[PDB]
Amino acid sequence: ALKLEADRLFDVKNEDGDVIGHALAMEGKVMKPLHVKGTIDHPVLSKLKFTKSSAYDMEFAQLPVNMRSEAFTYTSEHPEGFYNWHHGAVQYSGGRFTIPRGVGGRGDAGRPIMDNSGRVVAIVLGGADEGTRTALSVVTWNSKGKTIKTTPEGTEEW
């Protein structure tokens, strides 16, 4: 089990070059959180014309015909239980995605949350610490393709 995967997750760096978030190829588009003001570290992607979507903290461009294959798949069905993400397990209960306190922060905006079949279930934007856990502020689409945005009280954008 070698982890040979397509180029789907890209970096977004700041003026001096600090990774401040992520951008992903999914469902024909390259998308990244609008609040992440940096450049996509990619010779092709960084030259695209990005359409803004303030209401959802999303910014997106059309994936070059070629790359359209190297992309994630979305899924609007997320039964309660555990999910996967860069830092480990993400729990989904009570309509909320949570991670342990002190784990998320700058650099995590734009990172997907996936299931065991490898489909994206959401995209992290920020988090609000509640007790021993952190409630994430994510973007998720419903069965009818409508973009939805969940933002807990006191969410700090990452």
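Residue positions are given as counts along the sequence shown, with the first one as 1.
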Query - Mean Cα B-factor comparison, 106-114 or 125-133, giving the higher one as deposited - result: 125-133
Query raised in the report: Which is higher on average in the deposited entry, the C-alpha temperature factors of 12-20 or of 140-148?
Result: 140-148
Query raised in the report: According to the deposited entry, which of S46, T98, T51, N66 has the largest Cα B-factor?
Result: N66
Report task. Could you look up the Cα B-factor of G94 in the entry and say which third of the chain it sits in: lowest, middle or highest? Result -> highest
**Report entry** Relative C-alpha B-factor of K29, binned into the chain's lowest, middle or highest third
**Finding:** middle
